[PDB]
Each structure stands twice: as structure tokens, then as C-alpha cells.
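Trainee: Structure in C-alpha cells, see below.
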Amino acid sequence: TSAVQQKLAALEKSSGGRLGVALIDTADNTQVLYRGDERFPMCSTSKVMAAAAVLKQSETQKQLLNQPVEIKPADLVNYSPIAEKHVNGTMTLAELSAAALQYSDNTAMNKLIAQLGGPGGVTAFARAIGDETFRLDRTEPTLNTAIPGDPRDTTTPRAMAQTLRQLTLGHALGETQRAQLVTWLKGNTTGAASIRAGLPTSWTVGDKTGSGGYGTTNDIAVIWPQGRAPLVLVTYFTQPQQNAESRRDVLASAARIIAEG
């Protein structure tokens, strides 16, 4: 095992849980993988795939992002701080994408899922860009149960890093859609204690966090250092106790290990 993998294994051992890491260095396509082919519950990191799938639709439906969507009282689920402000009103699909990505708004995610025809519409987009691993099976909030061994609503670090690369640095999306996704990720408000906390401040970061049952604590990021090619980093973490607490410190520490390696 490499030096970095020894440090990640030690971090995991210290943590009591299960850690998954995938790094892509786009300079030379080198990768660092830790449990890179194990499945992990995505929780809200799946919002990136839903937002990207709606962006893909907007490549042919030119004004789709401006379309109003009703927010009805029966639509509101927990952890919907933006949608709650628009009950009995509307939000555009752009506004719902921003809320889902930057505030992890769950009702916003459900509106993205509905726009795609159900969870199968999100999985379909993953398959269409070559991701054979991602699967979305449930809506919010039940997609966050994060039950050990449950394949529903999971992906692997290897697959999610590759997909995040294609969505943000590659050409899975059109140029303007990709730029929009990148802006949204860079503007995330929920990530200050996760990957960002372990990286040099001179590096520009866009990310999406996730959290759920079994203390599941996730973050997926695209990273732009000054003077070297960008990186993609996925950090997934989950724990043995159903009621376990969040461990964003593990994601900050995994990021620090990767960058210093």
C-alpha cells in the first residue's frame, strides 16, 4: 500500500467507521483510491446528479431553468430552508437547483426528481454519461437512511469522482451548463467543515456535502490549485451505529492527507 493509503487507513482506524476516498489528478490521470470500489450511501451528494440531469435537459429546452414550479404545503419535507420561504408560491428550476446544491434543500431535490420523471430519471442521466454505478432509488427524505449493505441510493468513490470530473471539467454537459454547475458548486454554503477545511486556502473549491443515517458524512469536490491542473476528490464516510453523529472532521482530515501527499 502507498504512503497515502497507509495514512488514510490509519485515519479510518482512528475514526471507528468506514472511509471511502477517490482522487483524480487531471495532470496525469493518476488516482488515489481507498475503498474505491465499495458502495457508500450518497445522501445529499446525489443532488449533483439531479441538478446536472436538469441542466442536460436545458440544452434542448432553452428556457427550462426559468420555468416556475409550485411549492405546495404537502411538498415540504425536512431540511428545506429555502423552499419553506416560498410555500404557496413558486421557484424557478434554476432557483431550486441553487437551493438544492448550496443549502442542501430536500424539497428542492424532490422538485428536480419530479422534473426528471422520478428517481429513475436521475439514474438514467448517470447511465447516459457512462456512470454504470450510481443508482437513485428513493426521494427525499428516505434516500438518506444509509442502511449498512443496502444498495439503494449508493455509488462508489471511484465512480463518483469520474462522474464529477466529466460533469465539471469534462464534457458530459454543454459548455454553459458546465459553467453553471461549477458556479453552483463553488457557492456551496454547507461545506466549510468538510473537504474545504483540510485544503490550502489558495485552492479554489466547489463541493456538495451529504449526511444521513448511521452518521453518514460525505463530501464531493472539484479543486483548482493555482499553478497545477485541477483535482477531483470524493470523501465518503459512514459508521456502525444508526444514531451516530456527523464526522465532518474525517473528511477534512482525508482531504489534508491527500493534498499533503
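Each chain in the C-alpha cells gets a letter, A, B and so on, in the order shown; residues start at 1 in every chain, and ligands are counted from 1 in the order they appear.
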Give me the residues within 8 Å of residue 191 of chain A as a JSON list (two decimals) with N, CA and C atoms, in the first residue's frame, counting only C-alpha atoms and dropping any in the same chain fewer than 3 places off.
Mentor:
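The result, written out as part.json:
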```json
[["chain", "number", "residue", "atom", "x", "y", "z"],
["A", 188, "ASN", "N", -21.39, 26.77, -2.70],
["A", 188, "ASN", "CA", -21.98, 25.98, -1.63],
["A", 188, "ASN", "C", -21.71, 26.63, -0.27],
["A", 194, "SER", "N", -15.88, 20.47, 6.02],
["A", 194, "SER", "CA", -15.64, 19.19, 5.36],
["A", 194, "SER", "C", -14.36, 19.30, 4.53],
["A", 195, "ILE", "N", -14.36, 18.93, 3.24],
["A", 195, "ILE", "CA", -13.12, 18.91, 2.45],
["A", 195, "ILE", "C", -12.40, 20.25, 2.50],
["A", 196, "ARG", "N", -13.14, 21.36, 2.41],
["A", 196, "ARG", "CA", -12.52, 22.69, 2.39],
["A", 196, "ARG", "C", -11.63, 22.91, 3.61],
["A", 207, "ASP", "N", -18.02, 22.20, -4.02],
["A", 207, "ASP", "CA", -18.33, 20.94, -3.36],
["A", 207, "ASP", "C", -19.82, 20.79, -3.08],
["A", 208, "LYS", "N", -20.21, 19.54, -2.80],
["A", 208, "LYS", "CA", -21.55, 19.21, -2.30],
["A", 208, "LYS", "C", -21.42, 18.20, -1.17],
["A", 209, "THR", "N", -21.97, 18.53, 0.01],
["A", 209, "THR", "CA", -21.96, 17.64, 1.17],
["A", 209, "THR", "C", -23.15, 16.68, 1.18],
["A", 219, "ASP", "N", -18.71, 14.25, 1.23],
["A", 219, "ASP", "CA", -18.42, 15.48, 0.51],
["A", 219, "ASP", "C", -17.79, 15.10, -0.83]]
```
Trainee: Go through segment 185-253 of chain A and flag each residue having an atom no more than 12 Å from segment 77-85 of chain A; for those, report the closest pair of atoms plus their distance in Å to one decimal, using only C-alpha atoms, ordered by chain and rising number, as a tab-separated table.
Mentor:
```
residue	atom	partner	partner_atom	distance
A:210	CA	A:79	CA	12.0
A:211	CA	A:79	CA	11.2
A:212	CA	A:79	CA	11.5
```
Trainee: From the set A:57, A:29, A:15, A:107, which residue has the shortest atom-to-atom contact distance to residue 173 of chain A, counting only C-alpha atoms?
Mentor: A:57
Trainee: What lies within 7 Å of residue 186 of chain A using only C-alpha atoms, ignoring chain neighbours under 3 positions off, as a PyMOL selection string?
Mentor: chain A and resi 182-183+205-207
Trainee: List the spatial neighbours of residue 46 of chain A as a PyMOL selection string - criterion: any atom at most 12 Å away, only C-alpha atoms, same-chain residues fewer than 2 positions off excluded.
Mentor: chain A and resi 40-44+48-53+100-101+104+106+109-110+112-113+119+122-123+125-126+134-140+143-144+152-156+160+163-164+207-211+218-220
Trainee: Would you output that residue set with C-alpha atoms, as an mmCIF file, in the first residue's frame?
Mentor:
```cif
data_model
loop_
_atom_site.group_PDB
_atom_site.id
_atom_site.type_symbol
_atom_site.label_atom_id
_atom_site.label_comp_id
_atom_site.auth_asym_id
_atom_site.auth_seq_id
_atom_site.Cartn_x
_atom_site.Cartn_y
_atom_site.Cartn_z
ATOM 1 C CA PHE A 40 -21.496 4.128 0.069
ATOM 2 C CA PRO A 41 -24.841 5.857 0.707
ATOM 3 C CA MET A 42 -24.781 9.120 -1.241
ATOM 4 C CA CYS A 43 -27.294 11.131 0.792
ATOM 5 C CA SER A 44 -27.390 14.726 -0.488
ATOM 6 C CA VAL A 48 -25.323 16.998 -8.006
ATOM 7 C CA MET A 49 -26.548 14.270 -10.364
ATOM 8 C CA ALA A 50 -30.145 15.554 -10.258
ATOM 9 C CA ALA A 51 -29.119 19.176 -10.896
ATOM 10 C CA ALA A 52 -26.826 18.053 -13.712
ATOM 11 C CA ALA A 53 -29.622 15.995 -15.289
ATOM 12 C CA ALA A 100 -30.573 22.008 -3.522
ATOM 13 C CA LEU A 101 -26.860 22.432 -4.212
ATOM 14 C CA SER A 104 -28.985 21.056 0.578
ATOM 15 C CA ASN A 106 -34.556 18.479 0.228
ATOM 16 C CA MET A 109 -34.264 17.968 -4.700
ATOM 17 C CA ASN A 110 -37.722 16.390 -4.881
ATOM 18 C CA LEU A 112 -35.644 18.154 -9.529
ATOM 19 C CA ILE A 113 -36.528 14.462 -9.281
ATOM 20 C CA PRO A 119 -35.637 8.741 -9.340
ATOM 21 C CA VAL A 122 -31.688 10.636 -12.299
ATOM 22 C CA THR A 123 -30.168 7.173 -12.665
ATOM 23 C CA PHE A 125 -28.736 10.502 -16.739
ATOM 24 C CA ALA A 126 -25.862 8.810 -14.892
ATOM 25 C CA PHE A 134 -24.722 5.450 -9.475
ATOM 26 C CA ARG A 135 -28.245 4.477 -8.522
ATOM 27 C CA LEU A 136 -31.014 6.689 -7.171
ATOM 28 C CA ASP A 137 -33.968 4.688 -5.893
ATOM 29 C CA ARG A 138 -35.853 6.934 -3.467
ATOM 30 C CA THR A 139 -36.932 10.533 -3.000
ATOM 31 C CA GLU A 140 -36.211 12.800 -0.047
ATOM 32 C CA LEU A 143 -32.919 8.204 0.366
ATOM 33 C CA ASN A 144 -30.828 9.121 3.451
ATOM 34 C CA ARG A 152 -30.272 1.666 -2.779
ATOM 35 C CA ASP A 153 -29.107 5.257 -3.303
ATOM 36 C CA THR A 154 -25.404 4.376 -3.389
ATOM 37 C CA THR A 155 -22.377 4.804 -5.588
ATOM 38 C CA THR A 156 -18.661 4.122 -5.273
ATOM 39 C CA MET A 160 -18.466 9.436 -8.365
ATOM 40 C CA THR A 163 -18.609 11.410 -12.943
ATOM 41 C CA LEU A 164 -17.883 14.649 -11.090
ATOM 42 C CA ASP A 207 -18.327 20.936 -3.362
ATOM 43 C CA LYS A 208 -21.549 19.213 -2.297
ATOM 44 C CA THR A 209 -21.955 17.645 1.170
ATOM 45 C CA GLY A 210 -24.173 14.797 2.309
ATOM 46 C CA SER A 211 -25.346 13.468 5.653
ATOM 47 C CA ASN A 218 -19.977 12.858 2.732
ATOM 48 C CA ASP A 219 -18.416 15.481 0.506
ATOM 49 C CA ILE A 220 -17.576 15.571 -3.197
#
```
Trainee: Which one of A:27, A:76, A:116, A:179 sits closest to residue 93 of chain A if you count only C-alpha atoms?
Mentor: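 Selected residue with least distance to residue 93 of chain A: A:116.
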Trainee: Counting only C-alpha atoms, which residue out of A:187, A:215, A:20, A:157 sits closest to residue 241 of chain A?
Mentor: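 Nearest to residue 241 of chain A: A:215.
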Trainee: Among segment 62-197 of chain A, which residues carry a DSSP assignment of strand (DSSP E), reported as a list in words?
Mentor: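 Residues of segment 62-197 of chain A classed as strand (DSSP E): residues 68, 69, 70, 71, 89, 90, 91, 92, 154 and 155 of chain A.
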Trainee: Contacts of residue 253 of chain A at 9 Å or less, counting only C-alpha atoms, minus same-chain residues fewer than 4 places along, as a PyMOL selection string?
Mentor: chain A and resi 8+11+194-195+197-198+248-249+257-258
Trainee: Grab the residues selected above and save them as a short mmCIF file (atom, residue, chain, number, x, y, z; two decimals), in the first residue's frame with C-alpha atoms.
Mentor:
```
data_model
loop_
_atom_site.label_atom_id
_atom_site.label_comp_id
_atom_site.auth_asym_id
_atom_site.auth_seq_id
_atom_site.Cartn_x
_atom_site.Cartn_y
_atom_site.Cartn_z
CA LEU A 8 -5.99 7.03 5.15
CA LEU A 11 -7.38 7.85 9.82
CA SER A 194 -15.64 19.19 5.36
CA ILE A 195 -13.12 18.91 2.45
CA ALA A 197 -11.27 22.60 5.98
CA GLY A 198 -8.35 20.32 5.04
CA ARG A 248 -17.11 16.16 9.10
CA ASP A 249 -13.64 16.21 10.69
CA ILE A 257 -3.77 13.73 3.78
CA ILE A 258 -4.48 13.70 0.03
#
```
Trainee: Find the residues near residue 94 of chain A: any atom within 9 Å, counting only C-alpha atoms, skip ones fewer than 2 places away on the same chain, and give them as a list in words.
Mentor: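 The residues satisfying every condition are residues 51, 64, 65, 66, 67, 91, 92, 96, 97, 98 and 99 of chain A.
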Trainee: Please identify the alpha helix (DSSP H) residues within segment 26-102 of chain A (assignment by DSSP from backbone atoms) and present them as a list in words.
Mentor: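 Here are the alpha helix (DSSP H) residues of segment 26-102 of chain A: residues 47, 48, 49, 50, 51, 52, 53, 54, 55, 56, 57, 58, 93, 94, 95, 96, 97, 98, 99, 100, 101 and 102 of chain A.
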Trainee: Measuring between only C-alpha atoms, which one of A:32, A:172, A:17, A:26 shows the shortest distance to residue 1 of chain A?
Mentor: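 Smallest separation from residue 1 of chain A among the options: A:32.
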Trainee: Pick the closest to residue 39 of chain A from A:158, A:72, A:62, A:127: which is it, counting only C-alpha atoms?
Mentor: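 Closest to residue 39 of chain A, using only C-alpha atoms: A:158.
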Trainee: For residue 147 of chain A, which residue among A:216, A:16, A:2, A:260 is the nearest when counting only C-alpha atoms?
Mentor: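 Closest residue, counting only C-alpha atoms: A:216.
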